[PDB]
Amino acid sequence: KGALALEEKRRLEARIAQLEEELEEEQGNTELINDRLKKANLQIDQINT
Amino acid sequence: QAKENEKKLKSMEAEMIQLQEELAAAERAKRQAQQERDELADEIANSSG
């Protein structure tokens with residue numbers, strides 16, 4: 001149980017670590033989509049004027 | 001009668017000798033269990049704990 005308990009953390013560690021990449025996808029979208037809006041808003045603002 | 005009475009003493013000694021055989025093993029069992037009831041217990045808190 002002790003050896004399996006320590007090994008159990010490795011399974012969740014990879015899941016908790018791999019899950020970070022999944023969460024980073026939405027996190028990156030907030031930075032990538034927002035960054036695209038700045039480039040789009042700059043062109044939309046110039047096109048509007 | 002002294003020789004006959006002495007035969008009862010040696011015969012009765014078998015009871016004390018037989019009781020010592022189980023008493024020595026029973027008493028020694030506590031030492032073996034105590035050595036394991038405490039050593040493994042302290043290690044259980046480190047391995048299982």
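Structure determination for this PDB entry was carried out by cryo-EM, with a resolution of 6.3 Å recorded in the header.

With the PDB entry as reference, chain B is termed Isoform 1 of Myosin-9, source organism Homo sapiens.

In the annotation of the PDB entry, chain A is listed under the name Isoform 1 of Myosin-9 and assigned to Homo sapiens.

Turning to the overall build of chain B, a few remarks are in order. What chain B contains, in helices and strands, is 1 helix and 0 strands. Taking the principal axes of the C-alpha coordinates as reference, chain B spans close to 70 × 10 × 5 Å. Taken over 49 residues, chain B has a buried fraction of 0%. Carbon and sulfur atoms make up 53% of the accessible area of chain B, which totals about 4,700 Å².

So, on to the environment of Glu22 of chain B. Topologically, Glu22 of chain B is positioned in helix α1 (residues 2-47). Sequence separation between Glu22 of chain B and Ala41 of chain B is 19 residues, and the spatial gap between their C-alpha atoms is 27 Å.

Counted by the stated rule, this structure contains 9 salt bridges over all chains. Salt-bridge contacts for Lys38 of chain A lead to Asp35 of chain A; the nearest nitrogen and oxygen are separated by 3.4 Å. Here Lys38 of chain A and its partner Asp35 of chain A are both found in helix α1 (residues 2-48), 3 residues apart, which amounts to about one turn of the helix. A salt bridge links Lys7 of chain B to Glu6 of chain B; the shortest N-O distance between them is 4.0 Å. In this structure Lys7 of chain B comes out as partly exposed when scored by relative accessible area, which is 46%. Through salt bridges that share partners, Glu7, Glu8 and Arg11 of chain A make up one connected network.

Conventions adopted
Residues numbered from 1 in each chain as written, not as in the entry; some residues may be left out. Chains lettered and ligands numbered in written order. Part of a larger assembly, values for the part shown. Heavy atoms only, no water. Helix = DSSP H or I, 4+ residues; strand = E, 2+ residues; numbered from the N terminus. Buried < 20%, exposed > 50% of the residue type's maximum accessible area, 1.4 Å probe, protein only. Areas by Shrake-Rupley, 256 points an atom, 1.4 Å probe, with all protein chains shown as cover. Salt bridge = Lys/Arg side-chain N within 4 Å of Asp/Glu carboxyl O.

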